[PDB]
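Shown next, in structure tokens, is the structure this report addresses.
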Amino acid sequence: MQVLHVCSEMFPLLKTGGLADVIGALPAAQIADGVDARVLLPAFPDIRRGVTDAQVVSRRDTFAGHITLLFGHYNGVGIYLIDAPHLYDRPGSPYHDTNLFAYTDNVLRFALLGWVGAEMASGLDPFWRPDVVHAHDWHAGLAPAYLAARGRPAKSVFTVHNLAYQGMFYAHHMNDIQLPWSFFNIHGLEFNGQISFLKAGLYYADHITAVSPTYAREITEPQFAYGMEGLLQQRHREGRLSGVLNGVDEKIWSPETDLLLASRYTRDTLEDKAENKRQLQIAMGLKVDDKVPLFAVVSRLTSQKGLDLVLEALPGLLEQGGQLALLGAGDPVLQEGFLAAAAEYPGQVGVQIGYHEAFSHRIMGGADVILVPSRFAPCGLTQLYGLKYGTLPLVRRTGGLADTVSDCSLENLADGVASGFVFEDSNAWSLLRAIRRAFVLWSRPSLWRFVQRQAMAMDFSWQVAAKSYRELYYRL
Ligand SMILES: OC[C@H]1O[C@H](O[C@H]2[C@H](O)[C@@H](O)[C@@H](O[C@H]3[C@H](O)[C@@H](O)[C@@H](O[C@H]4[C@H](O)[C@@H](O)[C@@H](O[C@H]5[C@H](O)[C@@H](O)[C@@H](O[C@H]6[C@H](O)[C@@H](O)[C@H](O)O[C@@H]6CO)O[C@@H]5CO)O[C@@H]4CO)O[C@@H]3CO)O[C@@H]2CO)[C@H](O)[C@@H](O)[C@@H]1O
Ligand SMILES: OC[C@H]1O[C@H](O[C@H]2[C@H](O)[C@@H](O)[C@@H](O[C@H]3[C@H](O)[C@@H](O)[C@@H](O[C@H]4[C@H](O)[C@@H](O)[C@@H](O[C@H]5[C@H](O)[C@@H](O)[C@@H](O)O[C@@H]5CO)O[C@@H]4CO)O[C@@H]3CO)O[C@@H]2CO)[C@H](O)[C@@H](O)[C@@H]1O
Ligand SMILES: OC[C@H]1O[C@H](O[C@H]2[C@H](O)[C@@H](O)[C@@H](O[C@H]3[C@H](O)[C@@H](O)[C@@H](O)O[C@@H]3CO)O[C@@H]2CO)[C@H](O)[C@@H](O)[C@@H]1O
Ligand SMILES: Nc1ncnc2c1ncn2[C@@H]1O[C@H](COP(=O)(O)OP(=O)(O)O)[C@@H](O)[C@H]1O
Ligand SMILES: OC[C@H]1O[C@H](O[C@H]2[C@H](O)[C@@H](O)[C@@H](O)O[C@@H]2CO)[C@H](O)[C@@H](O)[C@@H]1O
Ligand SMILES: O=S(=O)(O)C[C@H](O)CN1CCN(CCO)CC1
Ligand code: NA
Ligand code: NA
């Protein structure tokens with residue numbers, strides 16, 4: 001069984017969020033579990049730099065101009081690179097410029113990614129053809145469309161990591177992407193008068209998955225589907241929609257072996273976590289104090305994440321005696337909001353605006369609680385990281401957060417299953433109740449420790465996930 005993942009990022013070469021973590025860890029797991037998995041990526045500069053054994057497979061002309069298909073290895077896994085400097089040789093985000101504007105040629109940049117994915121099924125590499133093309137998010141949404149247009153020389157799976165990003169482009173681009181004009185149709189890739197790459201992925205794939213079981217249910221509802229729910233409801237009925245929960249990469253996210261930490265520690269040596277907390281406090285300029293709970297954020301600042309609620313709840317949290325340590329980049333409204341708060345409450349609020357890979361580890365390793373108040377959550381990895389690190393996640397009960405965290409309710413404590421704090425509604429009052437719950441647990445240190453150990457017993461294995469994907473692949 002040969003599978004090609006078609007996507008636009010991969011840890012550690014290029015990462016803007018959780019997607020890259022998946023692509024960086026799933027293929028290796030699949031290989032261990034008996035699937036021959038390779039990855040197709042655009043040759044963004046950081047990716048091209050990391051693959052040092054890249055060889056030429058092929059040159060082709062294309063609706064988007066010429067490509068050199070390269071192939072090499074990263075961390076044991078076979079990586080194809082689409083080298084097209086005129087599209088991909090630019091620094092920064094794969095999706096937008098410095099000023100945060102989407103590239104105006106995105107339709108071509110990402111249509112090409114989908115086209116090469118499909119072309120791979122027809123022998124673009126003379127030495128290896130995938131049986132299944134596995135496309136990820138809107139970026140790769142056209143891959144199943146190109147496959148359909150060519151009589152499905154391979155089966156296709158489309159997985160949604162996020163339904164809010166739709167890959168909308170004006171209809172006139174049907175002229176630019178070499179698909180049948182008849183594909184522009186509610187029964188096809190049209191979506192409210194435009195082209196949608198997400199719609200294309202959802203419509204044309206043999207099978208759709210979402211990155212958690214409850215998000216797979218949620219996206220059949222108007223609240224989480226943003227107009228797409230009818231397709232998803234229909235695909236559910238056809239048995240063509242399912243959820244497979246993400247794992248965590250243990251090579252990189254384990255306090256037991258984490259080389260980025262001041263101090264490594266284990267589920268049975270949580271005393272060794274304290275030095276991380278002290279150095280985190282020092283690093284952020286917080287009062288060095290171990291009697292006080294340190295709450296943390298490591299998050300893209302976008303609407304999805306509910307961080308406005310954190311801002312509203314901040315006074316309440318501070319009033320109860322908590323500290324906050326925040327790392328994130330996105331909306332300036334949010335950015336300015338938090339910078340202001342750190343100015344207003346020095347020694348209590350530490351903030352760092354920007355993307356810092358190593359610093360997120362030091363936060364995860366030193367904080368007591370990780371705040372994930374998301375409005376929606378296809379899966380969420382940072383809460384999984386909190387669990388592994390004994391950093392209790394405080395989450396909204398939605399999507400993968402609902403699949404993965406157990407509230408410290410009386411039943412859950414009594415059954416030995418409690419692992420964090422859960423609130424229901426997207427408002428600060430709801431958030432604040434969960435925060436109070438945390439303060440109550442914090443005043444019973446042995447109960448806190450009992451919940452940490454249970455959080456750290458939770459297992460999120462990629463090889464276990466690989467097994468589900470494999471069953472899926474064989475049943476197509
Ligand atoms: O894609 C298959 C899927 O479609 C619906 O689910 C969602 C859809 O995928 C999504 O794109 C969006 O649809 C909006 C669309 O983008 C807009 O263009 C507009 O749709 C209008 C159409 O453009 C227009 O052609 C016409 O549609 C008629 C169809 O052409 C016709 O074939 C017929 O199809 C119906 C089938 O008979 C029925 O079995 C099927 O389940 O539902 C179809 C009806 O939608 O009838 C159509 C209606 O006359 O008018 C359209 C309505 O103005 O607006 C669209 C809705 O906002 O959102 C969709 C819902 O989330 C279907 O719900 C889903 O069943 C199907 O699998
Ligand atoms: O210069 C001499 C050489 O030149 C040309 O080969 C080049 C190819 O034309 C070009 O495509 C590229 O080859 C890539 C290949 O496309 C890519 O798929 C990958 O090949 C993998 C196989 O996919 C994989 O199956 C495995 O092959 C095994 C094979 O299973 C086994 O039966 C036995 O043959 O051992 C093989 C090698 O272990 O591994 C290979 C290698 O990873 O990578 C290829 C190499 O980069 O680049 C080629 C060399 O530059 C000519 O076409 C060729 O005939 C000439 O001999
Ligand atoms: O790995 C994290 C995240 O990456 C992917 O999301 C990207 C979107 O697909 C992409 O459109 C882009 O969205 C941003 C716009 O470019 C920007 O103009 C502004 O609108 O903010 C948008 C939202 O952030 O950037 C993100 C990169 O994070 C992927 O699809 C997600 O599943 C994934 O979780
Ligand atoms: N500002 C940041 N600095 C460093 N890492 C970040 C930052 N923001 C997010 N991350 C990382 O990105 C990933 C986010 O994954 P996830 O929680 O699934 O959410 P999403 O995919 O929606 O971004 C995590 O590895 C997280 O640590
Ligand atoms: O996401 C912003 C914007 O994207 C699309 O507009 C494209 C357009 O399709 C291209 O032809 C060109 O003008 O560049 C734009 C950005 O990539 C959507 O069509 C539009 O609705 C959306 O707001
Ligand atoms: O992120 S939020 O949940 O707070 C807001 C919604 O996700 C806004 N969406 C839904 C789909 N979009 C198109 C507008 O319907 C843009 C992202
Ligand atoms: Na999935
Ligand atoms: Na994030």
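Every read-out reported here was derived from the displayed coordinates using simple, explicitly stated rules and does not represent laboratory data. Note that we place each Cβ from the backbone using ideal geometry, even for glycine, and neighbour counts take in every protein chain shown.
Hey, with R₀ at 35 Å, roughly what FRET efficiency would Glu250 and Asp97 work out to, going by the Cβ-Cβ distance, to 0.05? Computed FRET efficiency for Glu250 and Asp97 comes out at 0.50.
Kirkwood hydrodynamic radius for region 249-458: how many Å is it when counted over pairs of different Cα atoms? Before the final figure, lay out each step's value.
Numbers: mean 1/r = 0.0599 Å⁻¹.
Taking every pair of different Cα atoms in region 249-458, averaging 1/r and inverting gives 16.7 Å.
Modelled spin labels at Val56 and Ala358, positioned 7 Å past Cα toward Cβ, are 3.8 nm from each other.
Among rounded, prolate and oblate, which fits region 156-215 when a ≥ b ≥ c are the square roots of the eigenvalues of its C-alpha gyration tensor, a/c under 1.5 means rounded, and a/b larger than b/c means prolate? Could you put the intermediate results ahead of the total?
Numbers: a/c = 2.56, a/b = 1.85, b/c = 1.38.
Prolate, because a/c is 1.5 or more and a/b exceeds b/c.
Taking the Cα centre of region 249-458 as origin, sum charge times position over the Cβ atoms of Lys and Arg (+1) and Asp and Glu (-1), and report the length of that vector in debye to the nearest 20.
Working: 21 positive and 24 negative charges, 44 e Å.
That gives a dipole near 200 debye.
Measuring nothing but how far apart in sequence close Cα pairs (under 8 Å, 6+ apart) lie, relative to its length, the chain scores a relative contact order of 12 percent. Cut-off 17 Å, label point 7 angstrom out along Cα-to-Cβ of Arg150: give me the residues of region 18-58 whose amide nitrogen falls inside. It comes to 38-42, 57-58, nothing else. When each of the peptides 77-85, 62-70, 101-109 is scored by the mean number of other C-beta atoms lying within 10 Å of its residues, the order from highest to lowest reads 77-85, 62-70, 101-109. Sorting 88-99, 164-175 by their mean Cβ neighbour count within 10 Å, with the most densely packed peptide first, gives 164-175, 88-99.
Cα-Cα over 19 Å: which of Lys15/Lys388; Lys305/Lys467; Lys277/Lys388? Could the numbers behind the result be given before it?
Working: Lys15/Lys388 21 Å; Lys305/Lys467 30 Å; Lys277/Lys388 16 Å.
Too far apart for the 19 Å limit: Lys15/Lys388; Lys305/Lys467.
Between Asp459 and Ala164, what is 0.36 nm times their sequence separation minus the Cα-Cα distance? Round to one decimal in nm.
My answer for the length gained is 103.4 nm.
Site pair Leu318 and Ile282 shows an inter-label distance of 2.5 nm when each label is modelled 7 Å from Cα along Cα→Cβ. The modelled label-to-label distance for the pair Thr104/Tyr474, using points 7 Å beyond Cα in the direction of Cβ, is 5.2 nm.
Every helix of 4 or more DSSP H residues in the chain counts as -39500 (n - 2.57), and over all residues that averages to -10500 deg cm²/dmol at 222 nm.
With a ≥ b ≥ c taken as the square roots of the eigenvalues of the C-alpha gyration tensor of region 219-339, please select rounded if a/c is under 1.5 and otherwise prolate if a/b is larger than b/c or oblate if it is not? Mind dumping the intermediate values first?
Numbers: a/c = 2.91, a/b = 1.55, b/c = 1.87.
Oblate, since a/c reaches 1.5 and b/c is not below a/b.
Summary of packing: across the peptides 370-381, 41-52, the per-residue average of other C-beta atoms within 10 Å ranks them, highest first, as 370-381, 41-52.
If a spin label sat at a point 7 angstrom from the Cα of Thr266 along the line to its beta carbon, the backbone N atoms of region 216-253 nearer than 17 Å would be those of 251.
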